[PDB]
Amino acid sequence: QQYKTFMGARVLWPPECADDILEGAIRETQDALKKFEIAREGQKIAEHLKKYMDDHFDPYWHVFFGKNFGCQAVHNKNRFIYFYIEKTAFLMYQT
Amino acid sequence: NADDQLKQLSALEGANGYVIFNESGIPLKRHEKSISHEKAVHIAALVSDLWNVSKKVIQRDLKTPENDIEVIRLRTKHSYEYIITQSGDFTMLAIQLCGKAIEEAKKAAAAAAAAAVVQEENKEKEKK
Amino acid sequence: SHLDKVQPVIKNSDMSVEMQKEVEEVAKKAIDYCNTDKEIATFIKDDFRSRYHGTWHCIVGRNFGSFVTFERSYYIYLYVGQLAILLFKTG
Amino acid sequence: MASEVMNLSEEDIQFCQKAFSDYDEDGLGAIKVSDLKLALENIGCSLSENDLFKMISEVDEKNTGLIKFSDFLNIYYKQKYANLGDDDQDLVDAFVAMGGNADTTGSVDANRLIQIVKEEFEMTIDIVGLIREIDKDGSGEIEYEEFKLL
Amino acid sequence: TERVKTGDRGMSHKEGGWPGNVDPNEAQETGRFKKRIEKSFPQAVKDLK
Amino acid sequence: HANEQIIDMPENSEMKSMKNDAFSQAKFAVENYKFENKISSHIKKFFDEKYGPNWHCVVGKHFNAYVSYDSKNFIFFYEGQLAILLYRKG
Amino acid sequence: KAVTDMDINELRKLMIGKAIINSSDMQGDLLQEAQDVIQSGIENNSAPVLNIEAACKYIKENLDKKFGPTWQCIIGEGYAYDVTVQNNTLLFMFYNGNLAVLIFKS
């Protein structure tokens, strides 16, 4: 439950996801937001992130990002990444 | 000394009650005929909003430099009159009535006195 | 000298002291700027919304009773004259 | 740093007008209240909800800085289009003016004549055309029509 | 995602504006305060009246 | 009031109950638990016993998500104000 | 007699059960449930002297259980307020006399 800030993004201090992959995913999400805002056409940015994960990581990645939501899921070892950027929290688990 | 002014205000013909407001809005003294404190709390809030808005409006809305309202008099239906005068940091509201209104009030007072006399007579009869 | 005269007093405060001091200046500025009480409520909500992002509900009246569900430490209660400046941010 | 971009001037100028209007203070910064000041002065929108809607949709917001100017830059683009309809006479004229105008004649009179049970079936129609023709050119223009009808 | 805390508090503003130190409900607090104001006050009331 | 929902479940293939169970479970679970995190765990557990494992469900009042799911195993519906999304992957 | 005989003091004394609705923005079926609950609750908690805090506490608790977790309602003699609420979540009704009631869902 102890949130930590890394590379300008707030995420769980103990990282469920791999340190290498988690940093890449956070950088990609920040770049995507810089281009497309969450508030307008928010569905498009989430879809782009999911396709990007398949290109550089194992396939069938699940990506869910919302301002307020609660979820519990089963994921592969070191395949779960949860982080908060500004007021938006992005959670992705690889299946 | 201060008490005498309230008695003097009542003495003036056509005067119903007097209410005094502090800069904060607390009512210093109010007339006994009119509701005390509950009416004063309700009257002080309305006059401050009106006096402050009018004072602010004259200086900016009318575009007149160094012009300040001295007395505001609101004439409504029946005999109601509500002259407002501000001295130092204290502003008060005075409620006075017209001649007809005063006559009506006197008649009402006379009727009340008559009713009281009738009640006394009834009590005497009961005692007898 | 009118600003000295109003002497706004906060009966109940649930906010940081530095933030609370800023609210007093905005409250005094809003009353002189707004011709009517209805305008004062709109001005306070707009200034706070610009200063802090979120949903702000502000109600000011001579006599009223209020029970609200606001974010903790985002509710400041101050009374000036017969006007109550009450702002409570709800998520 | 422009790069060959004509763009509209009517709107581009409007923004600057309303902008400097409230920004006249020359503070160099812009708040969330100033943005509404303009619309509040002229009364563009009914409530701040309107301006706040579009603005908020832009991306985000804060207390005060300067980027707030975007409110005006985008405000001009939310004006969109107007359209309304006024009067019922003009339509009547156009019903007879098939060339989609006041001009030409007798053909519209014959159109009225098709299935016409009106009195003075054709002599009355010719008399009406003459009455509606003040300048003697054998036609009734819109101004003559209006005078005739009123 | 963390849910912002929601606290429910009910208050009454029916009582007129008063200084924080003084208590509106208590008669003693209001009575002492009014006496202090008229301590100045005497000249204004005759003049105002 | 759940005006628009996405339904992708088999009809008259004897798996018709999965759609019915999701609507019934969401209404009962959401009212009693009254927690976003708890609703996802309860809905996932009931579905897991009845139709096997590898089921992921996320419940949020407002959220945007993109995911890959097995065909005819994904149903999206709104239970009152709350929105619940449940699907089976793997 | 009739309206001429009636006075503001007389009208308030004559009827205390009269219900007046000034602003409606919530669905009518929802309003009927809310109106019955607020009128019954205020009278029960009115006591010897009406308490603004007492009426709001009872209304706030009943509304939270009845519809949603975060429900805010404010009642005052006179007030000016700007409130942002969800569609069909705000109902405004003032009771006979100097009693203004505002209930909204956030």
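Residues numbered from 1 in each chain as written, not as in the entry; some residues may be left out. Chains lettered and ligands numbered in written order. Part of a larger assembly, values for the part shown. Heavy atoms only, no water. Residues with missing side-chain atoms left out of burial classes, pairs and counts.

Per the PDB record, the structure was determined using cryo-EM to 4.5 Å resolution.

Looking at the header, the entry is titled "Structure of outer-arm dynein bound to microtubule doublet in microtubule binding state 2 (MTBS-2)".

The name the PDB entry gives chain D is Dynein light chain 4A, with Tetrahymena thermophila as the organism. For the record of chain D, the UniProt heading Sequence similarities (unreviewed entry) holds the text "Belongs to the centrin family." Taken from UniProt, the Subcellular location (unreviewed entry) comment for chain D reads in full: "Cytoplasm, Cytoskeleton". (UniProt positions renumbered as here; feature names shortened; annotations may be inferred.)

Visitor: Can you walk me through the pairing of strand β2 (residues 71–82) of chain G in this structure?
Guide: A regular strand carries its side chains on alternate faces of the sheet. In this sheet, β2(G) lies alongside strand β2 (residues 56–71) of chain C in antiparallel orientation, the contact comprising seven bridges. Pairing of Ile59(C) across the sheet is with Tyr81(G), part of β2(G). Pairing between β2(G) and strand β4 (residues 99–105) of chain G: six bridges, direction antiparallel. Its bridge partner being in β4(G), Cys73(G) is matched across the sheet by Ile103(G). (Pairing = 2+ DSSP bridges. Helix = DSSP H or I, 4+ residues; strand = E, 2+ residues; numbered from the N terminus.)

Visitor: Would you take a moment to explain the arrangement of the chains for this structure?
Guide: Counting contacts across all eleven pairs of chains that touch, the top-ranked interface belongs to chains C and G. With no contact between them, chain A and chain B keep their nearest C-alpha atoms 41 Å apart. As for chain G relative to chain B, no contact occurs, and the smallest C-alpha gap between them is 10 Å. (Contact = heavy atoms within 4.5 Å.)

Visitor: What am I meant to see in the environment of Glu36(F) here?
Guide: By secondary structure assignment, the location of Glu36(F) is in helix α2 (residues 36–51). Residues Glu36(F) and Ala65(F) lie 29 residues apart in sequence; the distance between their C-alpha atoms is 16 Å. With sequence-adjacent residues up to four places away left out, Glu36(F) is seen in contact with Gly70(A), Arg3(E), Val59(F) and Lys61(F). Polar contacts involving the side chain of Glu36(F) include one to the side chain of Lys61(F), which spans 3.0 Å. (Polar contact = N/O pair within 3.5 Å; in protein donor to acceptor, adjacent residues only side chain to side chain.)

Visitor: Explain the pattern of salt bridges here, please?
Guide: In a structure, side chains of opposite charge can pair up when their charged atoms sit close to one another. For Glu41(A), the salt bridge identified is with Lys44(A), shortest N-O distance 2.8 Å. Between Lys50(F) and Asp21(F) there is a salt bridge; the shortest N-O distance is 2.6 Å. Separated by 29 residues along the polypeptide, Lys50(F) in helix α2 and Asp21(F) in helix α1 (residues 16–33) bring together distant segments of the chain. (Salt bridge = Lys/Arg side-chain N within 4 Å of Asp/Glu carboxyl O.)

Visitor: Any chance you could explain the interface of chain G and chain C here in plain terms?
Guide: At the junction of the two partners, chain G supplies 23 residues and chain C supplies 24 residues. Looking at the side of chain G that touches chain C, the elements that each hand over two or more residues are α4 (52–66), β2 and β4 of chain G. The greatest single-element share of the side of chain G that touches chain C, amounting to twelve residues, is contributed by β2(G). The class makeup of the residues in the side of chain G that touches chain C is twelve nonpolar, six polar and five charged. (Nonpolar A, V, L, I, M, F, W, Y, C, P; charged D, E, K, R; others polar.)

Visitor: How should the packing of aromatic side chains be read in this particular structure?
Guide: How two aromatic rings sit relative to each other is set out by the distance from centre to centre and by the angle between their planes. With a centroid separation of 5.8 Å and an interplanar angle of 5°, the aromatic rings of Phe64(A) and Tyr87(F) are classed as stacked. With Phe64(A) in strand β3 (residues 61–72) and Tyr87(F) in strand β4 (residues 82–88), the pair connects residues from two separate chains. Among the aromatic residues, those joined into a cluster by ring pairs are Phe64(A), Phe69(A), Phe63(F), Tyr69(F), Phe74(F) and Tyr87(F). A cation over an aromatic ring shows up here: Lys4(A) above the ring of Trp13(A), its NZ or CZ 3.4 Å from the ring centre. (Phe/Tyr/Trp six-rings, centres within 6.5 Å; stacked < 30°, edge-to-face > 60°. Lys NZ or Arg CZ within 6 Å of the ring centre and 35° of its normal.)

Visitor: Would you take a moment to explain the packing of helix α1 (residues 19–35) of chain A against helix α2 (residues 42–56) of chain A for this structure?
Guide: Residues and elements named next belong to chain A. For the pair α1 and α2, interaxial distance at closest approach is 10 Å and the crossing angle is 145°. For the crossing formed where α1 meets α2, the hand is right-handed. Where α1 approaches α2, its residues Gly24, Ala25, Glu28, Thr29, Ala32 and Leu33 are matched on the opposing element by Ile45, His48, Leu49, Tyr52 and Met53. When grouped by side-chain class, the residues that make up the contact of α1 with α2 number seven nonpolar, three polar and one charged. (Axes fitted to C-alpha atoms, helices over the stretch in contact; angles between N-to-C directions. Left-handed = near helix turned anticlockwise from the far one by under 90°.)

Visitor: Where do I start with the interface of chain D and chain C in this structure?
Guide: With eight residues of chain D at the interface, the matching set in chain C holds five residues. A class-by-class count of the residues in the side of chain D that touches chain C yields two nonpolar, three polar and three charged.

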